[PDB]
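Spelled out from the first residue to the last, the chains are:
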Amino acid sequence: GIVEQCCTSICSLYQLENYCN
Amino acid sequence: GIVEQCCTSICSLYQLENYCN
Amino acid sequence: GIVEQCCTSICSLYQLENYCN
Amino acid sequence: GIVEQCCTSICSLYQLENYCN
Amino acid sequence: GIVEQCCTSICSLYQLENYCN
Amino acid sequence: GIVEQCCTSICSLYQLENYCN
Amino acid sequence: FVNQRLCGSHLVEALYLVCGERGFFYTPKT
Amino acid sequence: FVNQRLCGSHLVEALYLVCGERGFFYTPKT
Amino acid sequence: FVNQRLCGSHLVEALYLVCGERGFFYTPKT
Amino acid sequence: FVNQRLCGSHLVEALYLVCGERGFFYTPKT
Amino acid sequence: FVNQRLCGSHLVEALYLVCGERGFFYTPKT
Amino acid sequence: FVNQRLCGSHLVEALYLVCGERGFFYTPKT
Ligand SMILES: [Zn+2]
Ligand SMILES: [Zn+2]
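Rules used throughout
Residues numbered from 1 in each chain as written, not as in the entry; some residues may be left out. Chains lettered and ligands numbered in written order. Heavy atoms only, no water. Helix = DSSP H or I, 4+ residues; strand = E, 2+ residues; numbered from the N terminus. Areas by Shrake-Rupley, 256 points an atom, 1.4 Å probe, with all protein chains shown as cover. Donors = N, O, S within 2.8 Å, 3.2 Å for Na, K, Ca; no water. Buried < 20%, exposed > 50% of the residue type's maximum accessible area, 1.4 Å probe, protein only. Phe/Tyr/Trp six-rings, centres within 6.5 Å; stacked < 30°, edge-to-face > 60°. Contact = heavy atoms within 4.5 Å. Buried area = accessible area lost by both parts, 1.4 Å probe. Salt bridge = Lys/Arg side-chain N within 4 Å of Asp/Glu carboxyl O. Polar contact = N/O pair within 3.5 Å; in protein donor to acceptor, adjacent residues only side chain to side chain. Nonpolar A, V, L, I, M, F, W, Y, C, P; charged D, E, K, R; others polar.

J.: So what's going on with the overall build of chain G? Residues and values would help.
T.: Helix and strand counts for chain G stand at one helix and two strands. Ordered by position in the sequence, the α and β elements of chain G form the string β-α-β. Each principal axis of the C-alpha atoms in chain G carries an extent, and together these give about 25 × 20 × 15 Å. About 1200 Å² of surface is accessible on chain G, with carbon and sulfur atoms providing 51% of the total.

J.: Go over the coordination of the zinc ion (ligand 1), please, and point to the residues and values.
T.: Taken together, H10(H) (NE2), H10(J) (NE2) and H10(L) (NE2) make up the full set of protein donors to the zinc ion (ligand 1), lying 2.0 Å away. Here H10(H), found in helix α1 (residues 9-19), pairs with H10(J), found in helix α1 (residues 9-19), and the two come from separate chains. By relative accessible area, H10(H) is classed as buried at 18%.

J.: Which residues make up the packing of aromatic side chains, and what values do they have?
T.: Following the criterion strictly, the structure yields 36 aromatic pairs over all chains and no others. Taking the centre distance of 6.0 Å and the plane angle of 35° together, the rings of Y14(A) and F1(I) count as tilted. Of this pair, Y14(A) sits in helix α2 (residues 13-16) while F1(I) sits in the segment before β1 (3-4), which puts the two residues in different chains. Pairwise contacts between aromatic rings join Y16(G), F24(G), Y26(G), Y16(H), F24(H) and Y26(H) into one cluster.

J.: For the coordination of the zinc ion (ligand 2), give the residues involved together with the corresponding values.
T.: In the first shell of the zinc ion (ligand 2), the protein supplies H10(G) (NE2), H10(I) (NE2) and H10(K) (NE2), at 2.0 Å from the metal. Taking the relative accessible area as the measure of exposure, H10(I) reaches 23% and is therefore partly exposed.

J.: Describe the interface of chain B and chain G, and please don't skip the residues or the numbers.
T.: Chain B puts 20 residues into the contact, and the matching count from chain G is 19 residues. Taken over both partners, the interface formed by chain B and chain G buries close to 1800 Å², and the fraction arising from carbon and sulfur atoms is 62%. At the junction of chain B and chain G, the tally comes to one salt bridge. For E17(B), the salt bridge identified is with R22(G), shortest N-O distance 3.4 Å. Inspection of the region where chain B meets chain G yields ten residue pairs in polar contact. Secondary structure elements with two or more residues in the side of chain B that touches chain G: β1 (11-12) and α1 (13-16) of chain B. Residue contributions to the side of chain B that touches chain G peak at four residues, all from α1(B).

J.: I'd like a rundown of α1(J), residues and numbers included.
T.: Residue and element names in this part refer to chain J. With eleven of eleven residues buried, α1 lies mostly within the body of the structure. Those residues of α1 lying buried are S9, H10, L11, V12, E13, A14, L15, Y16, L17, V18 and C19. Taken from the residues just after α1, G20 is the one with a positive phi, measuring 55°.

J.: I'd like to hear about the interface of chain J and chain D, residue by residue, with values.
T.: In this complex, chain J contributes 19 residues to the contact, which on the side of chain D involves 17 residues. Of the roughly 1700 Å² buried between chain J and chain D on both sides combined, carbon and sulfur atoms contribute 63%. Applying the counting criterion to the chain J and chain D interface returns one salt bridge. Here chain J is connected to chain D by nine residue pairs in polar contact. Per-element accounting of the side of chain J that touches chain D gives the leading share, five residues, to α1(J). Grouping the amino acids of the side of chain J that touches chain D by side-chain chemistry returns twelve nonpolar, four polar and three charged.

Shown next, in the form of C-alpha cells:
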C-alpha cells in the first residue's frame, strides 16, 4: 500500500491525496 | 471531536486509541 | 514574508513553492 | 539500553514508561 | 525551570546544554 | 554537500552554521 | 498515563505512535 | 512538488499537510 | 490543496516536503 | 498500544508523549 | 548562537540535538 | 555540542534551531 510504497520506494504528494477524507 | 478534546482542552493517549482502526 | 502569511495568517503548499530554489 | 533496543529492535510504550521521572 | 525560560520566554541552545548529562 | 554529509556521515552544529543567512 | 494538549501535526504524530500498524483516521471536521 | 521517501511518522506528517481540514486515513499493510 | 497555519519548525518541515531536492530558503527577516 | 521502532529524535518524542508532566531521562549507551 | 522559543516536544527535540549521546533530562516540574 | 547524523527533515529542523531568526538555505546535491 501507500504506507509501504512511500518508504521502500518513493511517492508523490498527489498519490498521498488519494488518502484524504 | 478528537480536536475539541486535544488542542483546545487536553486528551490522554488512552483516548487516542479510540481513533485507531 | 513567508512568516507573515503562515503563522499569523494561513498559507497553502502552493504558495510554499514560491520559496523553493 | 532502551535507546539502542528501540532502534535496532522494537520497543513498547510500557517499556518507555520505565524512563519517566 | 527549563520550561519557564523556553516556552513562556526564550532560551538559547547554549542554555540547553545545562540539561545534558 | 552538507545535506549529504550529515546523512551518510555525521556533522556538527558548527558546520550547519555555515548555512545560516 | 497522563493527559496532555496535542495540536495540529503533534496530534497525528501521537495517533501514529499509539495506533501504529493498526492504522487510524484523523478527522478534524467530525 | 516533488517525489520523496516518507517512512514512519514522516508519512503521517505529510498526509496531515496535504489533507489539512479534510482529514485522512492512515492504513499500513497487514 | 487547502490552506493552513504553519509556525516555526512546522513551516520549514513543510518547505522540505514541498521543495525536496530543489532546496529552499527560509528567511524570517524578509 | 503497539510495539514500534523508534530511532533518534523519534524516541525522544515518544518519551515526551508517554511521560508528559512527569518528565524523563534520555540515556543512550556509551 | 541566538535565542528562541521552544515549547512542548520542540524543546525535547532541541535537547536531543544539543546533547545527543551525552543524554539529558527533561523535567517540567522542576 | 555534539556531532550527529541528520537525514531528511531532521537536517532542516537542525538548521532551523541553529540559525533561528537568521534563516538558512537548504541546498541538497544534484
Ligand atoms: Zn525520522
Ligand atoms: Zn509544534
